[PDB]
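First chain written, first letter: the chains are A, B, C, D, E, F, G, H and I, and each begins at residue 1.
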Amino acid sequence: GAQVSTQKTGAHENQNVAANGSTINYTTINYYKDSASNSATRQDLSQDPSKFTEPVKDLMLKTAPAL
Amino acid sequence: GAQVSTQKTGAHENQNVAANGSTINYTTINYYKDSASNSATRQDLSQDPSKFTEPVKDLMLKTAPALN
Amino acid sequence: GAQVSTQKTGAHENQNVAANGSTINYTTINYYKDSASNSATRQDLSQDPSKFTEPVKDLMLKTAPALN
Amino acid sequence: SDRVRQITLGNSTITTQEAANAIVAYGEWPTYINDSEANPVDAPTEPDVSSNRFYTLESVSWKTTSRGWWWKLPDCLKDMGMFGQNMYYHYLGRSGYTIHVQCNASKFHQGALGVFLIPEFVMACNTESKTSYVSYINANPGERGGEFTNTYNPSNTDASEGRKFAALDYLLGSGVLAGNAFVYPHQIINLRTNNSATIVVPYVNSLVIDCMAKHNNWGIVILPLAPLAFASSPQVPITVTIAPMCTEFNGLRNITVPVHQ
Amino acid sequence: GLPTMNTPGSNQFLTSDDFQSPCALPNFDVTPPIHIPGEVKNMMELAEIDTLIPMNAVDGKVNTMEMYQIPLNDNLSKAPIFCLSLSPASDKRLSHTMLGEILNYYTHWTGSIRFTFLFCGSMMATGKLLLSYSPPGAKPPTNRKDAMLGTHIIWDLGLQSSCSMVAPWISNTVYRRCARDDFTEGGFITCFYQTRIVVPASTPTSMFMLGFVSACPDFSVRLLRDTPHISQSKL
Amino acid sequence: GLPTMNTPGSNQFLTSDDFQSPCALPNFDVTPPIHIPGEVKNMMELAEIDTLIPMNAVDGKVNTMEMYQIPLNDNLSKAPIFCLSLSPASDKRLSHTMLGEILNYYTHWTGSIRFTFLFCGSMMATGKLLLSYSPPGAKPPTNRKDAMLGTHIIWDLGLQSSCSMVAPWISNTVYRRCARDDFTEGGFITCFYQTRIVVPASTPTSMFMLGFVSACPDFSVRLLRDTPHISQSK
Amino acid sequence: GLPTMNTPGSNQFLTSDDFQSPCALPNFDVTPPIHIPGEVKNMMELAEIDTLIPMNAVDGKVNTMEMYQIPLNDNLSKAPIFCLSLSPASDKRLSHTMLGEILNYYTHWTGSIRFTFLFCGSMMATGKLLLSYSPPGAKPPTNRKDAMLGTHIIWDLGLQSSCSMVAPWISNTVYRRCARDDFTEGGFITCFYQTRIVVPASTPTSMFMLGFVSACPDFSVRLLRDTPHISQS
Amino acid sequence: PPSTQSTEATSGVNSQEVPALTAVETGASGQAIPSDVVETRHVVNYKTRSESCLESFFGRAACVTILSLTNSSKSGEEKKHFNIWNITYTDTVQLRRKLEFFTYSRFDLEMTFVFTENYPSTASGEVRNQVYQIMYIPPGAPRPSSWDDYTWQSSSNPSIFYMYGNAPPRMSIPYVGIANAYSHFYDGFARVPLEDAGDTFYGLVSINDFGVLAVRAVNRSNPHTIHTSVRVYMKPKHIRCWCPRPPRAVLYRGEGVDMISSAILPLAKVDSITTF
Amino acid sequence: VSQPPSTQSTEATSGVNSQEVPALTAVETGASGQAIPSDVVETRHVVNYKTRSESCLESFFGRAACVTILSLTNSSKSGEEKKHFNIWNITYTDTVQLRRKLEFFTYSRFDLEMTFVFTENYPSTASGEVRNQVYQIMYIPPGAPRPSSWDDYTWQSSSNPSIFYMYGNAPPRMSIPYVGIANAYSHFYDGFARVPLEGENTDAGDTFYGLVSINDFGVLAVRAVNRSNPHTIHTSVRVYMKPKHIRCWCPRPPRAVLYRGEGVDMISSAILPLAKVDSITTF
């Protein structure tokens, strides 16, 4: 039931490729029936700034005349 | 000899079982030979209220006049 | 998700070549989100002293006249 | 051609000769509540054209000394048309909006108006001795809306002036600097290039549907960003035209008649 | 031997704790189970059972058997017979019912609530009653006309005497509080006549009705709390 | 009992401690999520939103609406229109912008910064403005001729009402501190007239522009910290 | 509720331990590495670097630059030019060389030690020197004959001016103490003239030579310890 | 992992279509990057936005409240044995400001408690190890009227017990809420007055009731009064937010959103607009 | 599971009459001669299984060291509030043994562990009873607000990390990732934080030459959490720090003289590292 995930890169870890060695992984097990008891979940690095920076009905390209 | 099962869902879940992958699993091991020592059982959500709300000999239908 | 590595030799080992079987091993599991939380790294004895003792553009051999 | 926009719904259309590209807040259009999730179980009321049309709020003038204007969105149409009536008859409701602000001027008039749509627009109490103290009437001014002040002067619970909101313009009536108002969906009616601007408003809450007589999902804030000037104080008219979208209601009650001034 | 770290939360006593522990009487074999009828698996199975509503607890009719008897008559009236706040937890009469008692062990609840009325008149009695539910946030029902702007049932008294109305689950929220507050307005239930009760000569002129309340199958409760109806002297 | 040993770190409470704990409310039924428009994933998504800069934070303008209005003359001037320190966290005017406010919660920052200007003057007003950025460690660009010796654009005033310049990430260090330090010197942002603004008869002679600041897509932060811009009585 | 027992050693702080520890700054992004020049992997890579021996720490030459200059003369002499005891972490002159300083952080050590000498004389001068190492437990060399009996090399003056001698690892124990010890000494290093330095006309009649010390490739240390050279009020 | 954006190498541009020109009136932000503005070099960019994730931003346990309890020999102080606090996050400004960036949020809450004690009196003598009970009283649940009432039985109420010197106690609290997210703002009233009124019912506070926290010193009174303090800490985890707002610029007054007439001046002066 | 490499082994070697002899070289080239005993004298074969494990940089710098000692007082007198907490600059400068080891390299990159050893005693004869106290160690990154007193709002630590420890329990411990800005920490800085320009003070740089002006990692703020007692108790924290996952670059000489201050500056009374010997020929 244990999960294995990649650790955040430290001072003397591998290349920024983050795909080198088994020593960069960590193991974790949930010990509770209630998921609220789980340690913080993994970070979601997905982003979509256009939701707030370009919420335009009609899409525009950067070099297009704005008006 | 561990048991693995799902968790009651929390704030970041989509509320579907296994739709959260392995995120919602947990591991439990009994450490005692006497079952009295075990932690609480899995919730049993099965139920049947007719034992108390419709305990009748003549089957009642909802649309039939009750007093046929 | 454990790793098994050999141990540095102790008093009882008659194999200073680390060849006495499964007898000498240790098991490690990382328990944290960041690698900064991991224990000290595996020993790495690779060395190259020429970097500091013979950083000569021209290759020199030990019996070569240093200068011809 | 981005310049000319013909926007329509129901039995009404607004045509603007010069407008900036329209904004859809958060990239979403209002929709009806899908059957995958709902609080109420009554079959819904869907007024369609009776509510999904443009309504015009009383205009205001842009004097060179104005500090801004504000409206509570479902409040401003509460007594207007059939939309108003349906809001009073049903307990729950959901609606998105089309907010289209117009302000026409010739090329010689400079200055600009920022139009911001703020979900949960919450203003400070003018009374300093009380927290969040405001009456239903002062909190909900109607189609006229309210105005911002350049200065905060607590009445110390004197003649209900303390129930009225504090409304500093530079702090948006809340203690938050106006320069960051741009985080909210917004458009600028910079008179030199645009006569109008349109923003699509999805229904936003922690709930799928709520009671419109109690909760204002959004407010409208209009501020001079740049001073009005002309070469004399022209008082250029500002008109706010609003249309509900995908309006729905749920649960018929007695018509609600809120305390009246 | 095995390196470990004691995290916060260690060695604390939580009343909601679900950790294992040694058996004080290890290897005690449990007395074998037998089938016993009436097994209850969920408290909701009891919440769904019709229970009388203590509706006439007024002026000395409180804490007596007559407390559950709603008076009816053959006179002319445009007034309600009775009125209930919907809130099953805060209404003084609904709180003290089986539904209210189970419910009072919870803070949040949701779902539709069934109201069933039984007429206990003469066989020769006729008439029609208007029972309705008015969602919250508007002028209260007051008279018989405003009371029809909402969910209603017209109960035609007949051999199938009992009938029911369901106050549908209408709320802005997902769940409502059991606690009384101003926000969680339950709405109202009232009943008034469509027509007066009519009886022939030399028969009873007044009658009683018994109202019942029960949970619908879509009903649920959440967080547990101590119940305010239980009390004890200080120990 | 399995032999164990408690290591240093036992029985301590760290506010950033990330571990499991028992549920206060076992089997609690959590309200299903619903879709709500406007989901945010990262603070940087807000850092990238244009914020109006309180540039005219001068005596009589500070804390009034006019602080956001940068004046422009039709009249001849060889003076800078404005001068601003680059550091978004340290600078007095920028520390209160959304970018600044987010960065005030961080110890270090990196990446280019976008400066966008909007002209709100008469439509019939014409002219050109010079916007430029000079990296730190040299005399400030107080003379237009030096202002040109750096990153710059010339903004043609017209229907394309706005323009922008991006202060490139030029730094000796990988990240700069959000602290008001001398080592991680910000650099200089200035604007000069390229030419005087000329307007037709019966047009105001006082024009305004609104400057905005936002993070670019290459932008990031390192470490979270308490901000200095909010306080509370003891 | 897994039953456990805390063994001795529990709840103690060992400065030399190796346990995992939670990060106080979770998910912190660490500045990416670059290829920084001059990477060192081991302290022994530095132990093998030749540094000067402050051999002439004698009155008038103590704690000055001249301390590293070994005098030579063209006159007849039967005396040793110099003498060192081979105690690299305890001798007054050797404990301060790079080899000694790295070694001052260790308790015990092994391997051979190399010495290199350089003539900083005129080009005009010629002659020969005897470098010699004598193992422990005997009268240290008092004259040239003793120097010839033990391990030695003849260093001629010539174009390849530098000459090295290696004091081979001869020891009873495997490792020697770094610390001065009556039991363990590393033997003796000396130098004598093999022949008089011959100096042509108008040529300096006195010279200097420099001496260097470094670890040989078979060198190692056993245990890290605090050094005596640095202190604090 | 996903990463931040890289820079491509560029050269001179003579395009009739220019990325540096735009119109912010549309509501869109300017989109230009350095490669559009100046000639650039290629740069590989691994400076990942992890610290800025909402999950990391809100990952610290902030102090939220201070409770003050006294275990005293004086009969007039029995009541001081007992302290009830409303659950709220508005008591401390640093946490409140962070939470108020978002209009709505959903998260699981982790609570940790820290206990301390001292002597409030000059006189002292032996005091036994103190143990404390923290009982949660959900909304509408009966509250104790005093320190040792029957309600402390806590048959349904969650309750935790702690002794000094032991590890700080804690518990995880699954998202609890009436709505599908917590609201930090509420532009509305608890009740609509019907045909002036409602003055006391405006804002989030009028609809905010999650129950209260009751703390009690369990030890019976000793001859030497001991003064204790409980520091309550909170952090969100497994957190999502649905609507950015600017943070508060000036000092807060009360639980709701309001202002201090003497503290509405967040900015400082500079000598002139042309002074750096 | 591979056998680690050993130090150089010796091949049996005969004497030689070679005309190519490694004994002579030219150190002037900047290169060390490489002779091993088999190049100088006759040698036997020696199997070498010895290693350099203890000299690995990871092992060399693998011990925790005391880096600073902080002190604070829990008391109840009108002039004592200011003594309730201690604010300290993060540095390794305070203790010489660790500093000297670090100074062997010009640059270094590592993660750190922080361990805190707490103690307390009575500075006063009152010798009264006090309760076991909780102490708070809060980290305040540079530019973050600092507390004015021990009882203040900044101690809320909503963004700053902070650790709470009880006296009598295991020493608290935490890991810190490399937080340098550069790709390594610099142990030395041959430069200025800023460049005084033509329009400046002649002496400019006097207040900022050196590492002292660019190295700023914030402070630790330590307070007793407990309210004060009638009986004064004096306490202190011995802060221990350890490099971990450490690599270094560009080796340099170790310090030969008594340190003093923040830079490399020596004092006149301690510029004489070696002892005198009566003669060049003395053993």
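Following the convention adopted for this analysis, a residue touches a chain if its C-beta (ideal position, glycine included) is under 8 Å from a C-beta of that chain, and two chains touch if they have at least 3 such contacts.
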item	value
Chains in simultaneous contact with chain D and chain H	A, E, F
Label of the chain whose CA centroid is most distant from the centroid of chain G	E
Centroid distance [mean C-alpha coordinates] between chain C and chain B, Å	56
Rounded Å distance, chain A centre to chain D centre (Cα mean)	37
Chain A-chain F separation of Cα centroids, rounded to whole Å	25
For chain F, residues contacting two or more additional chains	2-19, 21-34, 36-39, 41-42, 44-46, 48-50, 54, 63, 67, 96, 98, 101, 105, 118, 159-162, 174-175, 212, 214, 217, 220, 222-224, 226-227, 231-232
Contacts with two or more other chains, residues of chain H listed in rising order	21-29, 32, 36, 46-51, 53, 56, 59-60, 62, 92-94, 98, 103-104, 106, 108, 112, 114, 158, 166-168, 170-181, 190-192, 194, 206, 238, 240, 242-244, 246-249, 251-252, 264, 266
For chain C, residues contacting two or more additional chains	30-38, 40-41, 44-47, 52-53, 65-67
Chain pairs in mutual contact under the definition given at the outset	A-B, A-C, A-D, A-F, A-G, A-H, A-I, B-E, B-F, B-G, B-H, C-G, C-I, D-E, D-F, D-H, E-F, E-G, E-H, F-G, F-H, F-I, G-H, G-I, H-I
Touching residues on chain A, where the partner in the complex is chain F	30-34, 36-40, 44-49, 51-53, 65-67
Interface residues, chain H side, partner chain G - complex	46-51, 53, 56, 59
In the complex, chain F residues that touch chain A	18-23, 25-28, 30, 38-39, 41-42, 44-46, 48-50, 159-162, 214, 217
Interface residues, chain B side, partner chain F - complex	8-11, 13-15, 40, 43
For the chain G and chain B complex, residues of the former touching the latter	1-3
